[PDB]
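One structure below.
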């Protein structure tokens, strides 16, 4: 926000297409960053590559809700600082309350230019005041819309997701824990396999304390093959088997065999 | 409050609809935030989704009382700082004590504009003084109304809730304790289940001290199924069984079986 | 006090109804806060909801004495700073010692306005001096009245309360101790009940050191039912049974059975 | 002293009744505070409610001597700073050494007003000098009177009190020690009684180390009844029984039975 | 000294009675404070209430010598700073070396007034110089008189007191030690008696470590009665019994029985 | 960025070939540095020197994605600071909205020169404003293109790489671990061989603690010969043997013999 | 760089031979320092004094690559700061775009002289701008050439050296380790020999702890003679004997006997 100096094209047609630009595009960027920086995007890409609409829509509407939080605050802070709409809806504030070509020209010259004629068209500061007024008004209205939508979507999306609230918490915590344990175990298993491979070539492997302990405790020969490995990955449905639930594709493949 | 500069539309019709805006909308936002940030909102949504009016109304009037505290202080601080009503009830202070179109125009130009004519209509500072006077008066009156309502609702809402005072304290503390213990136990049970699932795939699971201790102490095979799980959730009535009370749906389902 | 700038309506009728406002209403607010922030208010509400006039009047006159201490200091500091009465009794200082409409107008313009004519009516600073004089005089007189009332009520209210002084101290300390022990025991009993409830559902409950010790030391099955529970609450009379006294409804219900 | 700005009514009749006010009333306030803040006031109220003139007069003249120390220093510091008498005896300094209405008016305008005519009546600074002179003189004279009275009352009040000096010291120390031990023992006994009461209701009482030790060491069932309790309280005479003295009503009731 | 601004009455008769005032009265105050703050004053009051002239005069001339040290330094510092005599002996410095009414008036106006005519009467600074000269001269002379009197009284008062020097030291140290031990033992004995009294009423007494140890070590039942107690107090003569001396009334009453 | 002062050739033909230079060449430099500083470049050079298109293309598109991150941020920050395009597209902003040789000359003189005529051609600041506008617009558009390409390539390149996501993580971690262990073991084996060589010449080898321990623990005689050594190096295919996978050429050569 | 103030000969022939001087000679100095400060230069001198072209060329092209890094950064920073070419190509910037003797004279006077005529020849600042432009352009072009050459030589010089990459790392680490161990062992062996020599003369040798330990642990009589010693030194070929490699002449002489 700092290294990007907001400046205005004092032009009769390039304001409408610049205020809306600086108001909409950075939100889109923060939004798409909310996806790329997240990791479950790859899970969803896999799922749509190769389960029913219920749980899929649930994870969709959870990822979106988790990502929408950057553009909300950005739009809020900018639309409230006023400068955007000032630069944007300047070619249209009616002269009836405060050469068409020259009219539009000077009106576009209004915002933060001080090349303004300051003449019988409009005074300088009164126009800035009116525009910052309408801007801040729309900004508060937008923040209201966003928060009331957050409330209503809380309710109606706890209606969407098939599980109740407590299972929601349990499922979230389980996904987190399984992911972390899988990461760490994968690292350790990999280090062991690499140590065995190197040892079979050189004759020994220089290891510090903890690595030597990990080699001693968990000997490993061969990692799971590719078919089952591929069978693991993906986003899982809550597969409510008769009497027992399933929380992740790993859990399904485990209980199944 | 800081990054939102209060500015006035010096216009004959846009003041009445802007002062009241900046006075009412931010209260509504803080209020709805008082719900969204709270968690029992989901409980109430579930209850109204699928117990009698007494305890439900009690939790309603407790949540509301816990949420009303932000708009009270916001309205108080703003209405007392004066600027709001100044900008709001400026088109109406009668000239009889201190072209109708020009009259309303200059009167709307009065607040914090200094484009004020400063002429036989009204002096500059005397109008600001009168308006800040009436504003601060209404502000103290409002704070009085709010606090006396807090007192009277203390009394009459201790009349509303069916339990007496000591049971009120006991019930609050029990809800808090059960919620926290449920959170922690859910986390541990989930970590154990995930560890078993991963181990059945890789061959082992790398764990530090405390996690290994938690795996050793509390072995787990299968979590409660979905019907009873759903039977848990919700807001509970104080179900006064003959001789023994019930404080939470968990307690009801436990004592029942 | 800081964020509330004292300003004056230089008006012939709005001073008398503003000085007295800023002098009386904030005292009322601090007073009612002295009740709401206190907890025994609920006890008294219960007592008047459903014991004799002696001990009830005693607790009444003790709560009041404990709450009156905020408005005393507020009235003192304001009435002594002078500005209040200055702004208040300005329409009446007689011109005979230092158009009726214009008279009252300029007199109301006297305080802290500097739109004062400063003319043959009254000089500027002499009026401020006279008013701050009468104000500080009334302020010292009021502080005297308050402190002498505190002395006389000390004496006559040690006459009111049926117990003597030493029993007064003993009773106060007993109420404090019983309240604190009840709070803590309620918390522990509740945590135990919640732990049992959760354990009966999951299969175990993750607890740290002290919580595990509290579960081990004090097993609990079922809390007191509702009739006796309700029989506890309230404000108690000093029930002087023949030979043995009673200090709290808890004590009465205990010695009785 | 700081938040109370000394200001003068430059008026022909309101000075005599304002200097004496600011000189006398705050002493009265500090004096009565010397009683209210003390605790033996309740003892004396009880004694006069329901022992001979000797010891009663002794405790009276000891309490007074302990309370008179605030107004002494206040009167001293104010009367010496001079401003008081300056503002007070200004309507009377004779013109014969340094329209009667105008005379009194300007003389009252003399102190710290600078609306002073500064004319053939009196010069400005010479009057201030004369008044501060007479003020400081009376102030030193008053401090002398106070200290010489303290000396003479030391002697003659060691004549008043029936006991000699060493017994005076012993009696003071005994009253202090008995009061402190009574406070602490009352607290402990009360906590024990409350613990028993709570335990008989819940089933147990959560206590930390020291509280548990106090419950273990000093079991208690029933506190002294009301008649003897009332027999304790009061201010005691030095009741010189034949061969053995008594120092407090507690001591009398103890040795008596 | 700081909060007391020295100011002068530039008056023909009020200087002689003000310089001497500020020179003599504060010495008297510090002197009488030297008695009141001392404790042996009560001893002497008792002795003169109800032993021979030798030891009594000795303690008199020791107390006085111990108390005279404040006025010496006060008189010295003031008389040397000069301002006092300047303000005092100003109506009399003879014009013959450097309307009688006007003469005395201007001469009284001389000191630190700057309303001085500065005219053929006397120059301004030369009079200040002469007066500060005579003042400092008298001040050094007075300090000389005081110190030489201290020397001569050392000699002649070691002549007054009946004991020689070494016994003087021994007697002083003995009085100090006996007084301190009496204070501490009185405190402990009193605490023990109060503890027994309280215990006989409540049933026990809550005590910390050292207090419990003091109760265990020194059991006490009844303190010395009033006749012997009164026989103790007073100032003692060095009662030279045949072969053995006595140093305090306590020692006399002890060796006697 | 700091030590490189951006300066403009105010010339009619040398601007188009300088702005684009400073915009494109430093990106190329940071890009090629992204390769040279990486180590796998040598692996790829070996692979193309002497496995199928799938895994090779995968490592290619991973290295590129890891290296493209410097020019993205550089182009973004420069194109957004504006100065570049300002200096670049200055010979072309049409005069129709805000001697051909002189036209182009002054237009090239426009940017940051202040030798600008400032005449009927164009004003000074309006041209800077228009150019910074179009520049920042293109900059935001470019950042959008880059981030949306990052998203789409995330998806489609998880389509490219033959392994699924979890194997992707496992393979990355395995490559890292094997590389680090190979480095350390190579160092230790080398130190041992050098120690033996030196000892066979001098008669002994001075070693500290850890080096002596490494000599004692892992004796070594002869390192792997050149044919197998060369057989190791390279980038490996994921060689999915029937039932067991291979993750590195080291792993292939190990499992093979 | 700091203590060497860049100054220009404003002369028609001494600029071309001074800019190129300050641009080329310091690079040559840093380059030759890159050799002298290195130690392998002596090895190469020995090798060329008295193995095949492959490994020799390899070590040559490694030493050069390790030494070329100083002139690269020096040329870059200077050519980019601009002053050099400014002072250098100043006699040639064509007047056709921005007495021949006077022409060349003033053109040579252009750079940083301010004796510049500033006349119809060329303006002052425009020439500086053009020259710094062309300078920075050539500087970026040169940095590009250098880095792309580094990339291409990475590839093609991993083609040059006969060993593959992993052996490259192993060989580098082995050379480092052998060199360090040889240094330390040489020091210790030498100290031992000197100690024996001194002892045989004096009768004893004063040694601290570690030196005494080194004498005790490693007794030594006679160091390797000169023929084999000379046989050691030099740069070694990777002598690939059938089945076993050789990494240093020390290794060859060791395995050979």
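Protein chains in written order, with the working numbering: chain A, -4 to 252; chain B, -4 to 252; chain C, -4 to 252; chain D, -4 to 252; chain E, -4 to 252; chain F, -4 to 252; chain G, -4 to 252.
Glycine is no exception: its CB is placed at the ideal position from the N, C-alpha and C atoms.
Do the region 68 to 81 of chain C and the region 122 to 141 of chain C meet, that is, are 3 or more Cβ pairs less than 8 Å apart?
Cβ pair count under 8 Å is three or more, so yes.
The region 172 to 206 of chain B: positions lying closer than 7 Å to chain A by Cβ:
Those residues of the region 172 to 206 of chain B that come within reach of chain A (Cβ to Cβ, closer than 7 Å) are 181, 182, 185, 186, 188, 189, 190, 192, 193, 195, 196, 197, 198, 199, 200, 201.
Figure out for me which residue from G:178, G:188, G:169 has the closest Cα to the Cα of residue 216 of chain G.
Per the Cα distances, G:188.
Measure from the C-beta of residue 253 of chain F to each C-beta in chain G and report whether the shortest distance is under 8 Å.
Residue coverage of chain F in this structure runs from -4 to 252, which leaves residue 253 of chain F outside it and unanswerable.
Once the 5 residues before and after residue 126 of chain E are set aside, which same chain residues still bring their CB inside 6 Å of it?
Excluding five sequence positions before and after residue 126 of chain E, the CB atoms of its chain that fall closer than 6 Å to its own CB belong to 81, given in chain order.
Are residue 103 of chain G and residue 15 of chain G touching if we call contact CB-CB under 8 Å?
No. Outside cutoff.
Interface flag, residue 248 of chain D vs chain C, CB-CB below 8 Å:
Not one chain C Cβ lies under 8 Å of residue 248 of chain D.
Could you tell me which chain F residues have their CB closer than 9 Å to the CB of residue 224 of chain A, listed as they occur along the chain?
The contacting residues are 158, 159, 161, 162, 165, 240.
What residues of chain A sit near residue 143 of chain F, judged by a beta carbon separation below 7 Å?
Residues of chain A whose Cβ lies closer than 7 Å to the Cβ of residue 143 of chain F are, in chain order, 27.
Mark residue 227 of chain D as exposed unless 16 or more other C-beta atoms lie within 10 angstroms of its C-beta, in which case mark it buried.
Taking all protein chains in view, the Cβ of residue 227 of chain D is crowded by 16 or more other Cβ atoms within 10 Å, so the residue is classified as buried.
For residue 206 of chain B, I'd like the list of residues in its chain whose CB is within less than 8 Å of its CB, leaving aside the five on either flank, ordered along the chain.
Excluding residues up to 5 positions away in sequence, 186, 190 lie with their Cβ nearer than 8 Å to the Cβ of residue 206 of chain B in the same chain.
Kindly indicate which residue of E:10, E:154, E:23 has the alpha-carbon position closest to the one of residue 135 of chain D.
Ranking the options by Cα distance to residue 135 of chain D, first place goes to E:23.
Report the CB separation of residue 165 of chain F from residue 181 of chain A in whole angstroms; it is logged as a contact under 8 Å.
That pair is a contact at about 5 Å.
Does the beta carbon of residue 139 of chain F sit closer than 8 Å to a beta carbon anywhere in chain A?
With its beta carbon less than 8 Å from one in chain A, residue 139 of chain F belongs to the interface.
Can you tell me where the alpha helix (DSSP H) with residue 179 of chain A in it begins and where it stops?
First-last of the alpha helix (DSSP H) with residue 179 of chain A: 160 to 196.
Interface residues of the region 38 to 51 of chain B facing chain A [CB-CB below 8 Å]:
Per Cβ criterion, the list reads 38, 40, 41, 44.
Under 8 Å, do residue 30 of chain A and residue 67 of chain A count as touching if we go by C-beta distance?
Not a contact, by the Cβ cut-off of 8 Å.
List the residues of chain G that residue 36 of chain F touches, going by C-beta distances under 9 Å, in chain order.
Within 9 Å Cβ-Cβ: 146, 149, 150.
At a cut-off of 7 Å, would you count residue 3 of chain C as near the ligand MG, judging by its Cβ distance to the nearest heavy atom?
Looking for the ligand MG in the displayed structure turns up nothing, as the structure carries no ligands at all.
Do you know offhand how far residue 176 of chain E's Cα is from residue 184 of chain D's?
The C-alpha of residue 176 of chain E lies about 34 Å from the C-alpha of residue 184 of chain D.
Identify whether residue 5 of chain B lies in helix, strand or coil by the three-state DSSP scheme.
Coil.
Can you check whether the C-beta of residue 4 of chain D is within less than 8 Å of a C-beta belonging to chain C?
Closer than 8 Å to some Cβ of chain C, the Cβ of residue 4 of chain D qualifies, so yes.
Determine which residues of the region 10 to 25 of chain B have a Cβ less than 9 Å from any Cβ of chain A, and write them out in chain order.
Those residues of the region 10 to 25 of chain B placed with their C-beta closer than 9 Å to a C-beta in chain A are 12, 13, 16, 17, 20, 21, 23, 24, ordered along the chain.
List the whole-angstrom C-beta distance separating residue 10 of chain B from residue 86 of chain B, where the pair is believed to meet the contact cut-off of C-beta under 8 Å.
Sure, about 6 Å apart at Cβ, within 8 Å.
Short of 7 Å Cβ to Cβ, which residues in the region 210 to 224 of chain F face chain A?
When CB distances to chain A are screened at a threshold of 7 Å, the residues of the region 210 to 224 of chain F falling below it are 213, 215, 219, in chain order.
Counting C-beta neighbours from all protein chains within 10 Å, is the total for residue 21 of chain A 16 or more, i.e. buried, or is it exposed?
By the 16-neighbour rule on beta-carbons within 10 angstroms, residue 21 of chain A is buried.
Cβ neighbour criterion (16 or more within 10 Å) applied to residue 168 of chain E:
Classification of residue 168 of chain E: exposed, given that the 10 Å Cβ count is below 16.
Residues of chain C with a CB under 9 Å from the CB of residue 125 of chain B: which are they?
Identification of chain C residues near residue 125 of chain B by a Cβ-Cβ cut-off of 9 Å yields 4, 5, 6, 9, ordered along the chain.
Taking only beta-carbon positions, decide if residue 55 of chain A is within less than 8 Å of chain F.
So, not an interface residue.
7 Å Cβ cut-off: residues of chain C touching residue 84 of chain D
Chain C residues near residue 84 of chain D: none, gap ~17 Å exceeds 7 Å.
Am I right that residue 161 of chain C and residue 43 of chain D are in contact with their C-beta atoms under 8 Å? What's the rounded C-beta distance?
No, residue 161 of chain C and residue 43 of chain D are not in contact; Cβ-Cβ is about 18 Å, not under 8 Å.
Which residues in chain H sit within 9 Å of residue 31 of chain F, going by Cβ to Cβ distance?
Of the protein chains in the structure, A, B, C, D, E, F and G, none is chain H.
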